[PDB]
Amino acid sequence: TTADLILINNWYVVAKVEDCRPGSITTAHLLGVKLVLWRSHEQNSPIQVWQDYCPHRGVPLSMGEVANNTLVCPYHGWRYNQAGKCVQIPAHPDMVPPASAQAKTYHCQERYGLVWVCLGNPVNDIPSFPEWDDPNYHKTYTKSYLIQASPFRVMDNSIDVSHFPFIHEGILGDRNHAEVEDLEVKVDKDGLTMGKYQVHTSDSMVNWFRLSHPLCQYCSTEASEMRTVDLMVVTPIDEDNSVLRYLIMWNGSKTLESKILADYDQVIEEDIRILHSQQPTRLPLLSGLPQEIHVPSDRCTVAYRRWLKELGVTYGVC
């Protein structure tokens, strides 16, 4: 991977736990690295997340099979244990496999029902999500959305609030209330925080959000009769491509789940129409030819660009 160290050392969601069943092999793609995810058939077995590559002759291990707590390459049958060490070369069954016979392994943790991966050296914890432990809140997951846009443009779009009346009219916006009041934004060691903001839907909700790290956002909305939170997680496939997922929790009736998912789906697809059209693909930082213009209601998206530059992000941006 050629991503910046600041990106390499963070945790990213790559899958839902429910999709990584015992005995299964699945794949993902993170910061330009192809990943294989596997579990032994044993109940409660851990998830291994490795680079999807057999170092013998360069075959994807995801093309193999899980047997007896090992992942077995399809080409010459080399067997790799849970730690990624080759323990058996069938052509030479009494030989001790060379030390180089070892899959590239990465850090993996399950949290909030999601599979989190760190390709580097974890310097931080997985982002917090306080309502996960609050049994007054129900939970639901959106499907995943594959987006042909930089992961930082994806997050930029979700920090933006002034677009609501124009592409989310009815759910998040009112074309008769397109004015945007003064925004409160802070960037510090807790990350990027937008203060409480009044949303007009054509009722009136109060919204705020925080990003402790650049590609995960915690979003909180209070309506009249209900509070809705979510954890937005962007998988940075590479500089130009993203996966998007939401874990949503709410303290109203359980029966609202389908309507919530439907509203999110409508809004997300409205945003994707814009995201797929933006040029340049990578997010421009502060300094397809004219440079970006910023107005006061861009205060939070300007702060996001400033934050990325302070962090040293060069991957997925321009």
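Note that the rigid core is defined as the largest set of C-alphas that superpose within 1.5 Å between two forms. A residue's number is simply how far along the shown sequence it sits, counting from 1.
Larger root-mean-square CA separation from the shown form, computed after a rigid core fit of the structures in 4 other deposited structures of this protein, is seen for 89 to 97 when 226 to 234 is set against 89 to 97. Stretch 203 to 211 is the one, of 203 to 211 and 161 to 169, whose CA positions lie farther from the shown form in 4 other deposited structures of this protein once all structures are superposed by the rigid core. Not even a third of the other compared entries skip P280; each one keeps it along with the residues on either side.
A chain break between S287 and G288 is present, corresponding to 4 to 9 residues of the deposited sequence without coordinates.
Where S202 is followed by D203 in the displayed chain, the model omits 4 to 9 of the deposited residues that sit between the two. The question of which stretch, 118 to 126 or 208 to 216, has the higher mean Cα B factor is settled in favour of 118 to 126. Higher average CA B factor: 39 to 47, of the stretches 39 to 47 and 269 to 277. Looking only at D230, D160, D190, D238, the residue with the top Cα B factor in the deposited structure is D190. The residue among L247, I167, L183, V234 whose C-alpha atom has the highest B-factor in the PDB entry is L183. When the modelled residues of the chain are ordered by C-alpha B-factor, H177 sits in the highest third. Remark: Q88 belongs to the highest third of its chain, ranked by C-alpha B-factor as recorded. The entry lists a Cα temperature factor for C73 that places it in the middle third of the chain's modelled residues. Among the modelled residues of its chain, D134 has a C-alpha B-factor that falls in the middle third, as given in the PDB entry. When the CA B factors of the chain's modelled residues are split into thirds, the value for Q109 lands in the middle one.
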